[PDB]
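Have a look at the structure below before the remarks.
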Amino acid sequence: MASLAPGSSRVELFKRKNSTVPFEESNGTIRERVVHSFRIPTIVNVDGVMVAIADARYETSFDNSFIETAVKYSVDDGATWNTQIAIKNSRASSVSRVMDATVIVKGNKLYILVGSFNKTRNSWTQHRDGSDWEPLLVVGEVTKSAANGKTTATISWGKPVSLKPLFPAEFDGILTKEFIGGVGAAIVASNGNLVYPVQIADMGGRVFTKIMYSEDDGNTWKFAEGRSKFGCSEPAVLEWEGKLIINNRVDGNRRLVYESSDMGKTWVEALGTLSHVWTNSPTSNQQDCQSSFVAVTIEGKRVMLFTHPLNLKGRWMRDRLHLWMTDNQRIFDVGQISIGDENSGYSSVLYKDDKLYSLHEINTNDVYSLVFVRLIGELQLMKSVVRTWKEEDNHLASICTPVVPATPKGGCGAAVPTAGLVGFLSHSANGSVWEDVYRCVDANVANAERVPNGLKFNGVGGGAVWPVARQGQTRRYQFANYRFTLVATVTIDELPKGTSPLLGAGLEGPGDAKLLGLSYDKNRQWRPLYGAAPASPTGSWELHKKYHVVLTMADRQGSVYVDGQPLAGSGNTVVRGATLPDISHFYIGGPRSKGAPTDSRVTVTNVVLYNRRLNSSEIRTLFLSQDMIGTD
Ligand SMILES: *[C@]1(C(=O)O)O[C@@H]([C@H](O)[C@H](O)CO)[C@H](NC(C)=O)[C@@H](O)[C@H]1F
């Protein structure tokens, strides 16, 4: 189906039952040994040298088997590679193993944290105690040099050091058992700290994540105070605008994402941005998978990249590996980078010298290879999208809005708000799709006719659905359940028989409940909808006149503004309970595929969506600049 893009290609770099590694016998003799499966990929850039790290599972692909950490490195961007076994296992039994490498690059050093086991045949979280385990830190040093035009490099690996003595016996009364790195690429924070996200198993077997960091290049390590809820594993971390963003694997439920502004001391779920957006399968009740999560700069803009399989086949098949790019506001699906319906798995992404690559698993009959992918077609699309984002943000921020009684300048009022601006439906549209100017989430349309910057509705179900929970598996507007601002310019074209819908956020579930919204009636009054509260008519409007509508929701309170002023009933609680609402979609006009044959004769233009509640000054600015923001 969707797949590795034209222009892109790949090679089977770590070839199952084919590629050999320099296995070192007890006597020190080296033997090129065949490897059943290569798993747990990570590819990073160390001073210009590509370094690929992986589990070499010599005899079988099972987790509790004979495994050592293999490395392939290249000084020519993948033209050629050298192979080493960077970390040996204990050689204690037929199942001794060092596994699940988590890597940090600082300068010309590579810090690799692995889980080392001697003889257990069951899963690490299920062990009776931590006795078969050791968390091992290994430092590698990359040295390159050129003699007569040819550049080559070597990598020396230090002796492993166990961090077991630094592991607290308890965290808040929680008795600890074992811990392993989050798997994949970790980071050096802006303050120089080595930051490893770790997964901790407690005695009873619960798992949760934490930040383990070093302020002195690995001489000492500290476990920060904060942690994820239980149930989180294989965390990936990146630094964004002064905060650590921790993206967790969650078997059997949606992926939790946290932010910490204080080196992991305090964690706050990112309910307004990325938490619960991604998941393990269409139904979310399947085994989840490791994901890479890296911050990069493309076309002058800082963005985050995230990889994860759709896993339509379920369990560990992990078919359809996708790559997403986000600037913490918009979330773009770059596409599927694996091929057809092949099984993929754990993955890594790297942006080096303006070229994008991936190292990821492919699985056939549970025999694993690692492919090295040149994401050429994908980078081209990413750059195009980032240019769209920059261009539209700059354009909007450059509009000279009208001065207000307390302004100061090129004689312009406040800038049109662009911070937290997530989607925008304006001019571009056809008969079936109203395009998101930011190219992420389009709205579906019915019985509509184009007008400058929007659509005029006429017909049963005429209107548009901007999907929220209806996006399905990946819920990019999941933030709306926590807070949002929806804006639009509207005209009522023909009087309704009784009451008819105009704009709002619908809720999943029976009946036809709304979280917040606005309708209009035959008496030419507005009918704001505040959660489940009885709607009472208020105010006055006239046919054919343009009105500005703003819906705000934050802290469970909802307000509805018409022409910059709140309608009666605004400002009260719209969601009772502690459980987050579950918005199905935002409706524009009166869309529907069933139930009452709604036919709202209205025209709507310039629909803007923010992931926060706009303040009074921003609402006034939008009200005053309605004629200036359209893409027409
Ligand atoms: C991944 C995998 O699902 O494919 O699973 C890890 C854990 O088994 C899983 O998170 C449950 O605890 C394996 N790691 C270990 C140490 O078991 C990974 O190696 C990988 F197998």
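Residues in the structure tokens are numbered from 1 in each chain, the chains being A, B, ... in the order shown, and ligands are numbered from 1 in the order shown.
The protein and nucleic acid residues lying at most 10 Å from residue 597 of chain A are residues 459, 460, 461, 462, 590, 591, 592 and 593 of chain A, with only C-alpha atoms considered and sequence neighbours fewer than 4 positions away removed.
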Just want the 12 Å neighbourhood of residue 259 of chain A, counted on only C-alpha atoms, with same-chain residues fewer than 3 positions away dropped. Output as a ChimeraX atom specification. /A:210-211,226-228,236-248,256,262-275,328
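Separating atom CA of residue 195 of chain A from atom CA of residue 123 of chain A is a distance of 25.7 Å.
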Chain A near ligand 1 within 6 Å: what's each residue's closest atom pair and its distance in Å to one decimal, counting only C-alpha atoms and all ligand atoms, ordered by chain then ascending residue number, as JSON lines?
{"residue": "A:63", "atom": "CA", "partner": "ligand 1", "partner_atom_place_in_ligand_line": "17 (O)", "distance": 5.5}
{"residue": "A:100", "atom": "CA", "partner": "ligand 1", "partner_atom_place_in_ligand_line": "19 (O)", "distance": 5.4}
{"residue": "A:123", "atom": "CA", "partner": "ligand 1", "partner_atom_place_in_ligand_line": "17 (O)", "distance": 5.6}
{"residue": "A:124", "atom": "CA", "partner": "ligand 1", "partner_atom_place_in_ligand_line": "16 (C)", "distance": 5.9}
{"residue": "A:289", "atom": "CA", "partner": "ligand 1", "partner_atom_place_in_ligand_line": "3 (O)", "distance": 5.7}
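The closest residue to residue 252 of chain A, picked from A:314, A:6, A:41, A:589 and counting only C-alpha atoms, is A:314.
Each of A:605, A:519, A:525, A:611 was checked against residue 482 of chain A using only C-alpha atoms; the smallest atom-to-atom distance is that of A:611.
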The residue from A:312, A:535, A:187, A:624 with the smallest atom-to-atom distance to residue 293 of chain A, counting only C-alpha atoms, is A:187
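Each of A:58, A:541, A:530, A:466 was compared to residue 490 of chain A using only C-alpha atoms, and A:541 turns out to be the nearest.
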